[PDB]
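One structure is given here, and the rest of the page talks about it.
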Amino acid sequence: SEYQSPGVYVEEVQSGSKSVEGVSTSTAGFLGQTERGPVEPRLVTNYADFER
Amino acid sequence: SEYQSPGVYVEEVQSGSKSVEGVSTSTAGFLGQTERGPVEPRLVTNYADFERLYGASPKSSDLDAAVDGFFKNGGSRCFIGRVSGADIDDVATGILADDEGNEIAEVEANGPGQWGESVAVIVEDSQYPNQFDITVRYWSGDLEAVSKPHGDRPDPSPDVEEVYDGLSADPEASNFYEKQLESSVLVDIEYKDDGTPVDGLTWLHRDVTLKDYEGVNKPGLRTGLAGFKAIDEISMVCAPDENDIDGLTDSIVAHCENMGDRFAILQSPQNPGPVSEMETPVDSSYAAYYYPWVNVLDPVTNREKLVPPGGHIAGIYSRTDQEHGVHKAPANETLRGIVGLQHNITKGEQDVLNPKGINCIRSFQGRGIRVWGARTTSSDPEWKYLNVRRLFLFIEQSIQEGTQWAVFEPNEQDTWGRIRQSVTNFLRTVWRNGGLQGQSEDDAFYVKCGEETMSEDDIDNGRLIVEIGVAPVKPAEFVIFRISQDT
Amino acid sequence: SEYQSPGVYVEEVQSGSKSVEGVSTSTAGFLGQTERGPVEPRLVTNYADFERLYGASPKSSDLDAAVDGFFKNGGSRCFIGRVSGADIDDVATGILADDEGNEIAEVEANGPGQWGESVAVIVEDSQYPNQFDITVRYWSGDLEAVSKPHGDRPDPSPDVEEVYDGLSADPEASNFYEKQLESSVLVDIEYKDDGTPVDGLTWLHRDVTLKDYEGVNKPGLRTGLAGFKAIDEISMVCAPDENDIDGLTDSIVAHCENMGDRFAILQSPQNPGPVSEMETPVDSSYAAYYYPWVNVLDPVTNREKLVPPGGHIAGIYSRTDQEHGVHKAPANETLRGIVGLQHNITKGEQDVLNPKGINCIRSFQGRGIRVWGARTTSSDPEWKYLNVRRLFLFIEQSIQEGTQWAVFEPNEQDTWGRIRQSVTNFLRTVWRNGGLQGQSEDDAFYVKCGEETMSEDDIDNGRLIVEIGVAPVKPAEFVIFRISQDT
């Protein structure tokens, strides 16, 4: 920082380690023919959602 | 001191430590449209104050609902700033006349808009010599249906009523009408000439974009965000209608990042799209993002209505700060004042939304409706959690405001010890209340000021350097139980 | 000293080191068209100051947008220079008259152009003996629609208003009107004869190329770049409309190379052609080149508008300098105050643009819009990175300005030790703040002054030679992870 006029200054510093987080690993993708529905990919979490 | 003539001298010395005091942390700021009121920011501590000073919102705004949700959830103090599409000087005015027809006073509405056309001023005479009474009345509905506006009981009872009894025309008295009518939510009086007014009734006559939310910045007038940036009590800002005005989210986040001492609360759109494609609007460490909308009872139709959840969430923030501290995550808390949600989110959909910085409001069977998520919109791993940012804001503002005695003091060991002692006392207090983590003081923080932080080039140029290290506490987001049969 | 009569003598000696102080590094300079204002460069520290002194830009300029983007991104100080297509002496004037018709004062607009035809001056009398009031009003729109320019409330409220109350006609008093009206953004007053003016209103009557951007250079008047080259605070220069005026890019780069203490920021055209054929305009080490254009909200139509990114980038420079230092690359930083970009650049296209010195502004999913690139337009391998050039500018100007005490001093070992000590202290301070690289002082820098740098022919001719060697730090542009299964 630069100090040109008198006063109080408060500054933040970077710390000594940054955490890494693991990614998801149990999602699947399926392709095939259906009778209804959109053609953009959509997320489903249950079989009743799929039938609906 | 200097001693040139004999006598007794008594001198005061500075002590070895100076106390630091913590700052307020539960005040909020709101922006939006109203029907009445001034356009400078005003402090409100209760919902009846809000209805008395401002009134209701038009059909294109949801401010009234947000303030109601704020106070139903345990909030303490609001700063209200009224945004208006009319020019600031488009105000209704009037004139008071004397015995033989001289204008002696000038009456002006307390804010711009057409509402001022429905204010009536009534002057009558008092039973005591040289005294008179003044009354101000306001109707919210049609004027064509008001039968007896001057009588003791008008046909529709007026919406606002004000009476002032012991008035005089002596400028040096304490019952001069200019000084007594100064506390009035409807009108303003200015003195012109000597006299006393004649009895009767009189009406006041001859009466949004992103640039209105930005506000006016002139030497003697500030509205919008320019008015808020001159108030140092506000700690969180919200605009309920931020999704109807393009370019307001960025302005709010920039305001909070440029002040450096407040936090921004953001809500999703009513239709944000498919779940697999949602993102946050900004990538700031000074903002948080909540989803979905909520349902309330509307006090003019008595039906359900869908509104954004911002004010209820700000009220939850204020409540948690009052009963737990700024280090407590404002999640796993109940929402009061609503009827239902827009959608019910499952556990499979939150596994996609939570790693993206989007906070969810969910409903559990047997437990109710709660906020489930406490992250910021930031990508930096150092500012992932919300309470850490709030704690740092609190600490940094306290330090900034409570150390102005040290400027221009001698740059030597006494000042160094004094500063070190003060900051250590403040941080030990923060540690004792559960904000810092560690079984000893050495684990929780340290403060340094001396010849390890300053060199000689520093002393020759007037720099005093203090280094502080701290360890904040973080929430428990995943509670895991690993159970086996061994031993 | 010489001692010829007996007594006591007290003499002062010079010490063993003299401190060097660093210079400012976050001030910018802007050039372009405005509607009002003077044509000499003026310092601005806030956007409301800019609107108050200058106003808005015409349809052929984008200065207002660039200054707004500068201050929305954390900039601190601007120097504004107004470029005008009208002659400098094409200014509106007026006259004030006394009791029996003598011209006592002369009023003149604060800048050339037709705007001065819309300024009204009003003189009225005060309640105290020998005193009067003066008011100055300015309307931005049509004059044909102004109903009561003299009344207390004109039909359209004026755009600018100034009032001065306690004025006198005594030249030796401190409330003489010539001294009080001197701080006014609209007019200028000059005294002619003895008297006091009569009441009433009066209007002021009888009112670009590359050579206007170059500016006037006369003994008592400087505009354009000639005005900027007499200000030593500016550290970076930008002209938003540099692509509409042919021959201005070279003039700006030549100005920065001839001063030797400032940096030039350049933006691409709106249509630069095919990607495989792009080049930089110049090959200077004193310039940087950014691409593409950005989208903003226009405060007069409330629609999107496409503008060059120069002022936002200068604001990013200033912010980074304030919070990190001049050794930090101003890349991987967020742009505030915009809506979108012109194009989205992929990773395949930047592999062609980056080795050519062209810096890109990109948008990442989950992270936002950021500047991705920190190179200069230079072909020399020694000045490839931007922060190295900025650090050298800072160091060299500090040394130049903080060593003028050493001229004409004795050329012997005491002066040598003193100079060496000062420069070593300054460089050690720079090293401690992270600007130089090395685990020890011998790795980071050295300073030499003595009989290894100077010979006897040097001493006989008056030359004192100091040799300094330094090692700057460079950014991490490619982060590489090589992972294997062994051990």
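Residue numbering restarts at 1 for every chain of the structure tokens, chains are lettered A, B, ... in their displayed order, and ligands are numbered from 1 as they appear.
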Checklist entry - What's the 8 Å shell around residue 394 of chain C, counting only C-alpha atoms, without same-chain residues fewer than 5 positions away, as a ChimeraX atom specification? => result /C:22-23,25
Output C-alpha atoms for every residue in that selection, as a PDB file, in the first residue's frame.
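Result written to result.pdb:
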ATOM      1  CA  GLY C  22       8.566   6.601  -2.219  1.00  0.00           C
ATOM      2  CA  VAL C  23       6.393   8.449  -4.711  1.00  0.00           C
ATOM      3  CA  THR C  25       1.788   5.302  -8.022  1.00  0.00           C
TER       4      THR C  25
END
Per residue of chain A within 10 Å of chain C, record the nearest atom pair and its distance in Å to one decimal, counting only C-alpha atoms, with rows in chain order and ascending residue number, as a Markdown table.
| residue | atom | partner | partner_atom | distance |
| --- | --- | --- | --- | --- |
| A:1 | CA | C:322 | CA | 4.7 |
| A:2 | CA | C:322 | CA | 6.2 |
| A:3 | CA | C:24 | CA | 8.6 |
| A:4 | CA | C:24 | CA | 7.7 |
| A:11 | CA | C:323 | CA | 7.7 |
| A:12 | CA | C:323 | CA | 8.6 |
| A:13 | CA | C:324 | CA | 9.3 |
Next on the checklist: Need to verify the contact set: residue 19 of chain A, 12 Å, only C-alpha atoms, exclusion of same-chain residues closer than 3 positions in sequence. Can you return it as a VMD selection string?
Outcome noted: (chain A and resid 15 to 16 22) or (chain B and resid 379 to 384)
Could you give me, as CSV, a per-residue list for chain C showing, wherever an atom lies at most 10 Å from an atom of chain B, the closest pair of atoms and their distance in Å to one decimal, using only C-alpha atoms and sorting by chain then residue number from low to high?
residue,atom,partner,partner_atom,distance
C:18,CA,B:460,CA,8.9
C:19,CA,B:460,CA,6.7
C:20,CA,B:461,CA,8.4
C:21,CA,B:461,CA,7.3
C:22,CA,B:461,CA,9.9
C:47,CA,B:217,CA,9.3
C:48,CA,B:217,CA,6.3
C:49,CA,B:218,CA,9.2
C:51,CA,B:217,CA,9.4
C:52,CA,B:218,CA,8.3
C:71,CA,B:258,CA,9.6
C:72,CA,B:254,CA,6.8
C:73,CA,B:254,CA,7.8
C:74,CA,B:258,CA,6.7
C:75,CA,B:258,CA,9.9
C:153,CA,B:89,CA,9.2
C:156,CA,B:89,CA,9.5
C:157,CA,B:89,CA,7.5
C:160,CA,B:218,CA,9.9
C:296,CA,B:247,CA,8.4
C:297,CA,B:247,CA,7.0
C:298,CA,B:211,CA,9.5
C:299,CA,B:211,CA,6.4
C:300,CA,B:211,CA,9.0
C:301,CA,B:209,CA,9.9
C:302,CA,B:209,CA,7.2
C:303,CA,B:246,CA,9.2
C:304,CA,B:246,CA,9.7
C:334,CA,B:283,CA,8.5
C:336,CA,B:254,CA,6.7
C:337,CA,B:250,CA,6.3
C:338,CA,B:250,CA,7.8
C:339,CA,B:247,CA,7.0
C:365,CA,B:279,CA,8.0
C:366,CA,B:279,CA,6.7
C:367,CA,B:283,CA,5.8
C:368,CA,B:283,CA,6.2
C:369,CA,B:283,CA,9.1
C:422,CA,B:457,CA,9.2
C:425,CA,B:457,CA,6.3
C:426,CA,B:457,CA,7.4
C:428,CA,B:457,CA,8.8
C:429,CA,B:457,CA,7.1
C:432,CA,B:455,CA,10.0
Next on the checklist: For the helix (DSSP H, G or I) assignment from backbone DSSP, which residues of segment 2-195 of chain C qualify? Please present them as a ChimeraX atom specification.
Outcome noted: /C:47-53,63-72,114-118,177-180
Next on the checklist: If we count only C-alpha atoms and set the cut-off at 12 Å, which residues sit around residue 171 of chain B, ignoring sequence neighbours fewer than 6 positions away in its own chain? Please answer as number ranges by chain.
Outcome noted: B: 177-180, 190-196
Checklist entry - For the atom pair atom CA of residue 275 of chain C and atom CA of residue 362 of chain C, what is the interatomic distance in Å to one decimal place? => result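 About the pair atom CA of residue 275 of chain C and atom CA of residue 362 of chain C: they are 15.5 Å apart.
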Checklist entry - Neighbours of residue 117 of chain B within 8 Å (only C-alpha atoms; same-chain residues fewer than 6 positions away dropped), as a list in words? => result residues 92, 203, 204, 205, 206 and 207 of chain B
Checklist entry - Do you have the atom CA of residue 349 of chain B-atom CA of residue 34 of chain A distance handy? => result 23.1 Å
Checklist entry - Taking the backbone alone, and naming residues the way the document does, which bits of segment 122-366 of chain C are strand (DSSP E or B) by DSSP, as a PyMOL selection string? => result chain C and resi 122-125+132-138+160-168+176+187-191+200-203+205+217-218+221-222+236-238+263-267+287-291+294-297+304-307+334+340-341+359-364
Item to check | Å distance separating atom CA of residue 267 of chain C from atom CA of residue 305 of chain C, one decimal place | outcome: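 Distance reported for this atom pair: 16.7 Å.
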Next on the checklist: Quick one: residues within 8 Å of segment 239-242 of chain B, only C-alpha atoms, excluding same-chain residues fewer than 5 positions away - as a PyMOL selection string?
Outcome noted: chain B and resi 30-32+61-63+66+248-249+308+310-311
Expected file: the selected residues, N, CA and C atoms, as a tab-separated table (two decimals), in the first residue's frame:
chain	number	residue	atom	x	y	z
B	30	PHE	N	-32.64	-0.83	3.75
B	30	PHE	CA	-33.59	-1.25	2.73
B	30	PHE	C	-33.85	-0.12	1.75
B	31	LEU	N	-34.07	-0.48	0.48
B	31	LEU	CA	-34.38	0.47	-0.58
B	31	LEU	C	-35.59	-0.02	-1.37
B	32	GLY	N	-36.41	0.92	-1.81
B	32	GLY	CA	-37.61	0.56	-2.55
B	32	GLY	C	-38.63	1.67	-2.53
B	61	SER	N	-44.01	-2.77	-6.17
B	61	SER	CA	-42.96	-2.87	-5.18
B	61	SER	C	-43.41	-3.79	-4.05
B	62	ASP	N	-42.44	-4.35	-3.34
B	62	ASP	CA	-42.72	-5.25	-2.23
B	62	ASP	C	-41.88	-4.90	-1.01
B	63	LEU	N	-41.79	-3.61	-0.70
B	63	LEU	CA	-41.01	-3.13	0.43
B	63	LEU	C	-41.74	-3.38	1.75
B	66	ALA	N	-41.37	-6.85	2.93
B	66	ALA	CA	-40.02	-7.18	3.38
B	66	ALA	C	-39.74	-6.61	4.76
B	248	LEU	N	-28.59	-3.51	-11.11
B	248	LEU	CA	-28.62	-3.11	-9.71
B	248	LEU	C	-27.85	-4.06	-8.80
B	249	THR	N	-27.80	-5.35	-9.14
B	249	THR	CA	-27.03	-6.30	-8.35
B	249	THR	C	-25.56	-5.93	-8.32
B	308	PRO	N	-40.14	-12.35	-2.59
B	308	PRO	CA	-38.76	-12.79	-2.36
B	308	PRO	C	-38.45	-12.85	-0.87
B	310	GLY	N	-35.90	-11.89	1.07
B	310	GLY	CA	-34.73	-11.16	1.54
B	310	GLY	C	-34.88	-10.57	2.94
B	311	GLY	N	-36.02	-9.93	3.22
B	311	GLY	CA	-36.18	-9.27	4.51
B	311	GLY	C	-36.29	-10.23	5.67
